[PDB]
Amino acid sequence: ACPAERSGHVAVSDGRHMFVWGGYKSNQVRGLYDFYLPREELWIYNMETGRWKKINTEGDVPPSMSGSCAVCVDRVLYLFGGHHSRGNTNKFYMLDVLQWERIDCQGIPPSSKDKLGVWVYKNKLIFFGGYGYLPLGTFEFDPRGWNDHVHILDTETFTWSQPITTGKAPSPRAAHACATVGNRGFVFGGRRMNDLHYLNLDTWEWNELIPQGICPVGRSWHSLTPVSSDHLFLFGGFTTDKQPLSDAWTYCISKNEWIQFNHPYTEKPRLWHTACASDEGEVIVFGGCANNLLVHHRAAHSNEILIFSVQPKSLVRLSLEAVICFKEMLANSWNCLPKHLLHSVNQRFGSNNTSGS
Amino acid sequence: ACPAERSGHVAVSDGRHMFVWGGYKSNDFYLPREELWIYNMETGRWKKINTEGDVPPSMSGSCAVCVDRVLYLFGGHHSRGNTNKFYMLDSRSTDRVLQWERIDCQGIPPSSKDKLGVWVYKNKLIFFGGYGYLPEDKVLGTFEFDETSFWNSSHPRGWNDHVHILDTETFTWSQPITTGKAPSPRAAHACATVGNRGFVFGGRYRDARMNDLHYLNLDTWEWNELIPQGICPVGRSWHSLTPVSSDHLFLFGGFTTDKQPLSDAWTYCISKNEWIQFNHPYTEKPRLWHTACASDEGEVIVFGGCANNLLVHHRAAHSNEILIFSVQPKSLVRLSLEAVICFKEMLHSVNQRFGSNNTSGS
Amino acid sequence: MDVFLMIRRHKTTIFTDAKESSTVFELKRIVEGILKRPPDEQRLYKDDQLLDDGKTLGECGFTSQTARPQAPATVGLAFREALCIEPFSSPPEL
Amino acid sequence: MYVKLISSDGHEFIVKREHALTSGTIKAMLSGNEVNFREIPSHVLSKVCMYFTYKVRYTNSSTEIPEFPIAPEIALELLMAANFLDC
Amino acid sequence: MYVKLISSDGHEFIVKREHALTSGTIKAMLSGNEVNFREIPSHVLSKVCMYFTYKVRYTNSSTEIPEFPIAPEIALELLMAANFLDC
């Protein structure tokens with residue numbers, strides 16, 4: 001009914017369903033090997049109801065890995081990179097009994113990385129940063145090291161391409177956060193850094209943005225998800241002093257300023273957690289750790305769901321929750337139901353003729 | 001670097017290093033014959049070494065042992081059927097490329113077969129059972145044709161209950177005269193040696209996998225069947241059975257009669273003659289046609305195998321994961337070694353430490 | 001069930017095992033064979049309290065889940081005298 | 001700029017055009033002013049207009065969003081009206 | 001039958017003879033009773049004695065092995081002592 005606690009997993013979203021795969025957990029007894037959760041399973045969380053469904057996947061199943069990068073385009077999962085018991089990986093997997101598909105793309109694939117970020121444009125997948133072995137851009141060493149590559153993959157024809165960078169690219173880093181708002185591909189934090197950059201996905205030009213005023217503390221293993229066309233949402237992180245973070249920020253894009261966001265989860269800091277935006281103005285974050293991750297035997301991996309109410313809910317959702325609340329009372333009531341209204345709605349959404357049987 | 005996923009491979013160890021060879025994986029495909037994979041059980045890191053000479057064909061179901069760091073390989077199934085050839089590889093050599101040696105043994109060898117077991121007693125390798133063609137010689141024991149192979153195989157095959165002795169001093173085959181009721185012919189059974197007792201558990205025969213436990217006394221050559229009072233692990237084949245003490249055998253994984261993969265672990269106490277189920281974190285990672293090797297630090301290291309019913313080849317979930325079962329208390333040096341490695345940010349064996357830190361570099 | 005303990009007089013630490021149902025009088029006889037002192041000349045203590053001879057170890061607060069071999073429960077011992085357990089050395093901090 | 005939403009019983013609700021765009025249905029009907037609702041009564045449409053001002057005010061708001069009260073006896077009417085209006 | 005092991009600060013640890021034989025170095029000295037470790041402090045020797053009890057208890061247990069806790073401040077000293085005692 002609930003996935004095992006994990007960190008370093010991937011969570012993708014279509015607006016109403018959240019897909020969770022991979023990650024790793026700490027064993028009960030202290031040891032020197034991490035426990036990677038089974039490759040065979042994929043967890044789906046319904047953001048309207050709050051329950052989980054576990055489906056086992058066959059086919060070209062990718063190995064159990066952590067720190068991978070995933071994206072959900074038209075309910076089609078794209079997975080690249082990560083880290084397993086043998087080392088880093090540069091293999092690219094896709095997933096629409098569901099079957100994983102290992103695709104041999106044209107062009108030159110990137111190196112084996114993890115803790116990177118990704119952007120989604122019209123039909124291109126744009127990956128940035130990471131950490132891994134030696135193979136455009138730079139590659140600073142720590143045998144692995146931080147990354148600057150901006151590899152691009154076309155989903156229409158499956159060709160690995162790299163863009164011509166105009167402007168100052170950001171520094172090598174991993175465990176950064178990426179968010180997409182229109183043609184802007186945002187980066188923030190990592191290494192714990194505090195810089196804020198965006199890349200124009202249309203002109204392929206790097207830009208540096210310097211917010212004015214109070215700014216979030218430099219962090220790693222944070223989450224950055226857009227909550228509007230002019231707002232980004234940052235939660236959690238990992239300071240330079242390694243202090244876990246339970247604070248949330250809202251970054252206005254047009255005004256280029258930062259505002260703190262209040263929430264009832266100040267007692268539950270998270271790092272290496274995933275975050276997904278719902279269609280009801282919420283940010284759903286799952287997994288991550290509350291303790292210090294560097295000490296693996298003392299890690300406290302979480303399987304909880306934290307819901308931030310960033311935007312007001314729709315009138316449909318508000319009314320439906322009122323109906324759900326007053327279920328018994330309304331079952332003994334009656335109300336008018338104009339046919340033209342009902343037919344207009346059922347024209348848009350359809351009506352199932354087999355229900356109730 | 002990283003050995004590819006495989007089932008039907010062989011894995012042998014000296015208590016510190018695990019040697020991995022052969023096996024097969026789906027695209028069917030046998031893994032490169034010249035590759036020898038060495039897994040360092042202390043550091044948890046893999047190493048690849050190439051081989052030369054009379055390199056055996058790539059095979060699954062071969063039977064292998066490590067005696068005094070010498071690798072001995074018998075039987076198996078390559079792409080052109082079963083064999084009964086015997087190979088030796090001396091891992092103590094300083095060659096950059098180790099030289100396989102195929103030994104023409106004296107005496108009459110066993111039939112061409114795979115998926116058998118072996119016991120290591122004083123100066124002898126004792127092989128039992130398997131699946132393959134009819135013997136090409138007079139042999140003590142029983143052979144039984146697999147009726148499903150008449151119409152579905154290029155040549156009929158079946159199970160045997162043969163016992164064959166390979167004397168490592170002279171490389172001569174022989175067959176002991178045994179007493180008592182030998183176990184039925186079988187394949188994909190599991191063998192474990194404790195002193196002069198060669199235990200055999202499970203396997204497949206005719207129809208339906210089994211959970212009978214037998215042992216052959218390697219001094220008196222007297223077969224014995226153990227009937228434990230109480231619960232027993234379900235019948236299975238393609239399981240692993242590893243001695244973990246002078247009195248305990250460790251059983252993991254396998255394949256039920258109803259084709260269900262298994263993730264259960266059991267310990268059999270030889271003196272008490274009883275089974276006890278073993279709690280472990282790998283309940284969601286069933287394995288069959290895997291290998292298991294005992295470590296010098298009270299661990300059983302499981303490698304390879306398949307998570308599901310591999311009889312459907314295109315949907316077989318072959319693995320290269322390492323599964324570690326802690327079945328005996330570790331040494332304080334090893335425990336203190338792990339503690340120091342666990343805190344490298346707070347403070348040669350500590351220097352090598354382990355590999356593949358998923359957290360480092362963030 | 002088995003409980004694993006440390007019996008500390010002043011600077012002498014006795015590692016020993018016992019059951020929850022065993023009396024603390026029986027624990028005194030274990031000390032008798034090791035330190036050659038009859039039980040009436042001994043007095044055992046927990047953190048601060050004194051244990052009556054008739055009470056069992058589990059009744060005194062020594063459950064199996066706390067008195068483990070890798071972290072035995074401490075039992076103070078006084079001869080015939082105020083109980084005084086000297087601390088062990090201190091590890092250098094990092 | 002203001003727009004006028006007219007209920008079935010003839011009530012005229014004049015709201016800000018930006019607020020009325022909260023409903024996708026109203027946004028499509030204005031795109032190219034008045035909008036007529038022959039099947040939405042005023043006790044429902046007035047509640048919808050209150051949601052318009054509530055939704056716009058607390059969109060991208062630093063302070064916590066308050067609860068929107070919905071009486072049970074109008075919940076099902078409001079749900080159907082909201083689904084028709086797409087807000 | 002018990003044995004006495006004395007640390008570098010004069011602390012005396014009385015453990016079972018079967019438990020102390022886990023250390024090969026202790027086995028060698030006893031076979032050549034009490035043993036004096038003029039270079040092992042009491043905070044490390046107490047850790048070592050609990051390992052003796054832990055090793056004997058959970059050997060041939062046919063059960064999952066519990067954790068042996070080792071604090072980071074004592075890890076370096078515990079490693080060297082364990083190496084010296086061959087246990």
Side-chain angles (χ1 to χ4, degrees), chain A residues 226-233 248-255 257-264 280-282 308-349 351, chain D residues 5 7-9 15 18-29 35-63 65-87:
Chain A
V227 291
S228 148
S229 64
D230 211 67
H231 281 70
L232 294 165
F233 193 73
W249 289 76
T250 162
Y251 165 83
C252 201
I253 279 178
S254 81
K255 316 166 29 180
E257 75 167 75
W258 284 85
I259 319 89
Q260 200 86 80
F261 181 101
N262 177 283
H263 54 76
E280 280 325 307
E282 318 166 288
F308 303 88
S309 307
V310 183
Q311 308 282 7
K313 309 199 271 223
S314 74
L315 192 49
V316 169
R317 167 71 101 81
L318 288 175
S319 305
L320 182 68
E321 292 184 351
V323 160
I324 290 177
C325 186
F326 304 98
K327 201 159 34 62
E328 295 248 77
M329 159 183 310
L330 285 174
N332 309 8
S333 76
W334 61 82
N335 66 266
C336 186
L337 188 64
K339 281 327 155 273
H340 277 64
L341 280 198
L342 167 86
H343 293 187
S344 279
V345 170
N346 284 344
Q347 214 179 115
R348 243 169 280 152
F349 297 140
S351 205
Chain D
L5 316 176
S7 62
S8 52
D9 50 335
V15 317
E18 181 196 6
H19 296 195
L21 294 202
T22 306
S23 148
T25 297
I26 293 183
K27 169 159 181 203
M29 284 157 105
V35 172
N36 275 264
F37 296 114
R38 263 185 56 100
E39 307 260 65
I40 303 174
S42 55
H43 75 266
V44 176
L45 190 55
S46 74
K47 201 64 169 185
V48 171
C49 289
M50 303 185 193
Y51 172 79
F52 286 165
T53 76
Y54 156 91
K55 161 80 172 162
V56 161
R57 158 69 218 261
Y58 292 108
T59 290
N60 302 319
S61 180
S62 60
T63 167
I65 309 153
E67 299 296 80
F68 190 82
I70 302 194
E73 42 275 356
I74 65 135
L76 277 158
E77 269 175 303
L78 199 51
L79 171 63
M80 165 85 35
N83 269 296
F84 173 80
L85 293 170
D86 185 21
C87 44

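Labels below follow one simple rule: chain letters A, B, ... track the order of the sequence lines, proteins then strands, and each chain is numbered from 1. These numbers come from the heavy atoms of this one structure, side chains and all, not from hydrogens, waters or symmetry mates.
- In terms of heavy-atom proximity, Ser23(D) sits nearest to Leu85(D) at OG-O, 2.5 Å.
- Closest approach of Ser314(A) to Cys87(D), counting heavy atoms only: CB-O, 3.7 Å.
- The minimum heavy-atom distance linking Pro312(A) with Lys55(D) is given by the pair O-NZ, 3.4 Å.
- For a residue to count as touching a neighbouring chain, one of its non-hydrogen atoms must lie under 4.5 Å from one of that chain's; by this rule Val345(A) touches chain D with the side chain only.
- In terms of heavy atoms, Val15(D) sits closest to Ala20(D) at CG2-CB, 3.8 Å.
- Contacts of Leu342(A) with chain D are made by both backbone and side-chain atoms, with heavy-atom separations under 4.5 Å.
- No other option in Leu341(A), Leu318(A), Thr250(A) has as many heavy-atom pairs under 4.5 Å with chain D as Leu341(A).
- In terms of heavy atoms, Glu39(D) sits closest to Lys339(A) at OE2-N, 4.2 Å.
- Within the 4.5 angstrom heavy-atom criterion, no atom of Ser8(D) approaches chain A.
- Residues of residues 44-53 of chain D lying within less than 4.5 angstrom of chain A, judged on heavy atoms, are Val48(D), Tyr51(D) in numerical order.
- Using a 4.5 Å heavy-atom threshold, the side chains of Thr25(D) and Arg348(A) count as touching.
- The residue among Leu337(A), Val316(A), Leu320(A) with the most heavy atom pairs within less than 4.5 Å of chain D is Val316(A).
- In the displayed structure, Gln260(A) atom CD is contacted under 6.0 Å by more than 12 heavy atoms of other residues, nucleotides or ligands.
- With a threshold of 4.5 angstrom between heavy atoms, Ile259(A) approaches chain D through side-chain atoms but not through N, CA, C or O.
- For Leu330(A), the part sitting under 4.5 Å from any heavy atom of chain D is the side chain, from C-beta outward, and nothing else.
- Ring geometry for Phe308(A) against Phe261(A) counts as perpendicular: the plane angle is over 60°, on a 0 to 90° scale with 30° as the lower cut.
- A donor-acceptor contact under 3.5 angstrom links the side chains of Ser7(D) and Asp9(D), judged on distance only.
- With chain A as the partner, the residue from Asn60(D), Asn83(D), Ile74(D) showing the most heavy-atom pairs under 4.5 Å is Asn60(D).
- Proximity to chain D (any heavy atom under 4.5 Å) is restricted, for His231(A), to the side chain, taken from C-beta onward.
- A donor-acceptor contact shorter than 3.5 Å links the side chain of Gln311(A) to the backbone of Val227(A).
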